[PDB]
Amino acid sequence: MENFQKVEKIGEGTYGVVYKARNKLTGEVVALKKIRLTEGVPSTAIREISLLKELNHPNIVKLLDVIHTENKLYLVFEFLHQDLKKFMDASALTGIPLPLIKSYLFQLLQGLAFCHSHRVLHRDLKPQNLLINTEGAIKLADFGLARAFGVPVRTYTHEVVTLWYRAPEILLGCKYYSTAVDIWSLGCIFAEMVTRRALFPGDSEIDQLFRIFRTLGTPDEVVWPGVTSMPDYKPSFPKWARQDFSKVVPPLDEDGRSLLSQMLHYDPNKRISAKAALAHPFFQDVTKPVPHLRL
Ligand SMILES: CCC(C)(C)[C@H]1CCc2n[nH]c(C(=O)NC)c2C1
């Protein structure tokens, strides 16, 4: 772009670099993602992304514009001041207060209920693409399209993609993702906010898969019909017994643990939907606290 002045690099996104930029004309502060395209223009991929501009909801970071020019694809996002990853790190000694964790989870599920009702999947939810503001809101950002740009083994910067929040069906090679993959990721995020430690910190696809198995038990046809016929399932997978759930997220009350267990069901069909999750008793006393943010 030429109508933008970089303020600082927000990071090396999954497709390109992201800068905090000022719209030299409007004075608007935005998050600008630059995706390098090499020759064959991704018309399909480009149209999918563009439709995301109509996806407007209080818990979704607004995609202001999508500019394809000079073999580059620019995504202009509304700017929020901090991501959940940084907030979680900054809250590591004291932990995020439960009422705030609950508020964040509730809002994220409202956001997912919204995109899912519009047939939009995120596919790569993680603390890094969950953005928060001073008023207590948290918003989903950077919806992916495995249906197009697939899933680059490594972001444009040769950087390692995090597998910690990946649903088991994706790891087992399912060709078709369902909205259930986002519920799984959010469940993992919820656990992390609660314990202050990643639930399944795998450093490889198989390690990711096995860490899940070690905690939730190796899945079989009883809990997950069809699992043994999945593309990457191997009858040789070690058979781990399911761990007592009270050991998984200790500080969490029973309502929180029951909701989490439902978000982490192996069978995508048994996994709770965002809509049903919003009705869970865990949210009976949900409120909207203000986070203490250091910007
Ligand atoms: C790949 C796009 C990512 C990096 C997730 C951006 C999505 C949109 C966005 N808006 N603000 C921020 C921000 O980080 N602020 C401090 C972001 C992050």
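Attention now goes to the overall build of the protein chain. Secondary structure summary: the protein chain contains eight helices and eight strands in total. Dimensions of the protein chain, computed from C-alpha atoms along their principal axes, come out at roughly 60 × 45 × 35 Å. The burial tally for the protein chain puts 51% of its 295 residues in the buried class. Both charge centroids of the protein chain, one from 37 positive and one from 31 negative side chains, sit 2 Å from each other.

Turning our attention to the side chain of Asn23. For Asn23, the position within the fold is in strand β2 (residues 16-23). Residue class for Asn23 comes out buried when judged on its relative accessible area of 13%.

Where helix α5 (residues 180-195) contacts helix α7 (residues 254-263), the two axes come as close as 8 Å, and the packing angle between them is 145 degrees. Relative to α7, the crossing made by α5 is left-handed. Side by side, α5 and α7 meet where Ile183, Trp184, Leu186, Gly187, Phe190 and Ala191 of the first sit next to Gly256, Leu259, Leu260 and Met263 of the second. Across the contact of α5 with α7, the residue classes break down as eight nonpolar, two polar and no charged.

What follows deals with the UniProt feature "binding site: Mg(2+)" in the protein chain. Mapped onto this numbering, the UniProt entry gives "binding site: Mg(2+)" at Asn129 and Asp142. With respect to the element layout, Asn129 can be found in the loop between α3 (98-117) and β7 (130-132). Separated by 3.4 Å, the side chains of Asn129 and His122 make a polar contact. Structurally, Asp142 is set in the loop between β8 (138-140) and α4 (168-171). If sequence neighbours within four positions are ignored, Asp142 has contacts with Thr14, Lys33, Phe77, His122 and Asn129.

Attention now moves to the domain arrangement of the protein chain. Quite often, the size of an interface is put as the accessible area lost when its parts meet. By domain assignment, the protein chain separates into domain 1 (1-81) and domain 2 (82-292). Look at where the C-alpha atoms of domain 1 and domain 2 centre, and you get two points 25 Å apart. By the criterion of area lost to domain 2, the three top residues of domain 1 are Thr14, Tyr15 and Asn59, representing 27% of everything that side buries. In this structure, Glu78 and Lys139 form a salt bridge, with 3.5 Å as the shortest nitrogen-oxygen distance. Looking at the side of domain 1 that touches domain 2, the elements with two or more residues in it are β1 (4-12), β2, β3 (29-36), α1 (43-51) and β5 (72-78). For the side of domain 1 that touches domain 2, a count of residues per class yields twelve nonpolar, eight polar and five charged.

Moving on: α3. The first and last C-alpha atoms of α3 sit 28 Å apart over 20 residues, in line with the 28 Å expected at 1.5 Å per residue. The buried count for α3 comes to 14 of 20 residues, which makes it a mostly enclosed element. Where α3 terminates, the next one or two residues include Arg119, which has phi positive at roughly 65 degrees.

Our focus in this paragraph is the packing of aromatic side chains. Inspection of every chain in the model, using the stated rule, returns 15 aromatic pairs. For the ring pair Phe190 and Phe282, a centre distance of 5.5 Å and an interplane angle of 50 degrees mean the geometry is tilted. Taken together, the residues span a long stretch of sequence, with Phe190 in helix α5 and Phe282 in the segment after α8 (274-278) at a distance of 92 residues. Seen from their ring centres, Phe210 and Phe237 are 5.6 Å apart, and the 85 degrees between their planes marks the pair as edge-to-face. You can see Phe210 sitting in helix α6 (residues 205-216) and its partner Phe237 sitting in the loop between α6 and α7, a full 27 residues away along the chain. Since its relative accessible area comes to 16%, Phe210 is described here as buried. Through a chain of ring-to-ring contacts, the aromatic side chains of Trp184, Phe200, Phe210, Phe213, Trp224, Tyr233, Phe237, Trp240 and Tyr266 assemble into a single cluster. Here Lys102 stacks its cationic end above the ring of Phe282, 4.2 Å away from the centre of that ring.

Criteria and cut-off values
Residues numbered from 1 in each chain as written, not as in the entry; some residues may be left out. Heavy atoms only, no water. Helix = DSSP H or I, 4+ residues; strand = E, 2+ residues; numbered from the N terminus. Buried < 20%, exposed > 50% of the residue type's maximum accessible area, 1.4 Å probe, protein only. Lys, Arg positive; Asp, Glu negative; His and termini not counted. Charge placed at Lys NZ, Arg CZ, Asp CG, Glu CD. Axes fitted to C-alpha atoms, helices over the stretch in contact; angles between N-to-C directions. Left-handed = near helix turned anticlockwise from the far one by under 90°. Contact = heavy atoms within 4.5 Å. Nonpolar A, V, L, I, M, F, W, Y, C, P; charged D, E, K, R; others polar. UniProt positions renumbered as here; feature names shortened; annotations may be inferred. Polar contact = N/O pair within 3.5 Å; in protein donor to acceptor, adjacent residues only side chain to side chain. Domains from an automatic or database assignment. Buried area = accessible area lost by both parts, 1.4 Å probe. Salt bridge = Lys/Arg side-chain N within 4 Å of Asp/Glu carboxyl O. Expected span 1.5 Å × (residues − 1). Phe/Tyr/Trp six-rings, centres within 6.5 Å; stacked < 30°, edge-to-face > 60°. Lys NZ or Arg CZ within 6 Å of the ring centre and 35° of its normal.

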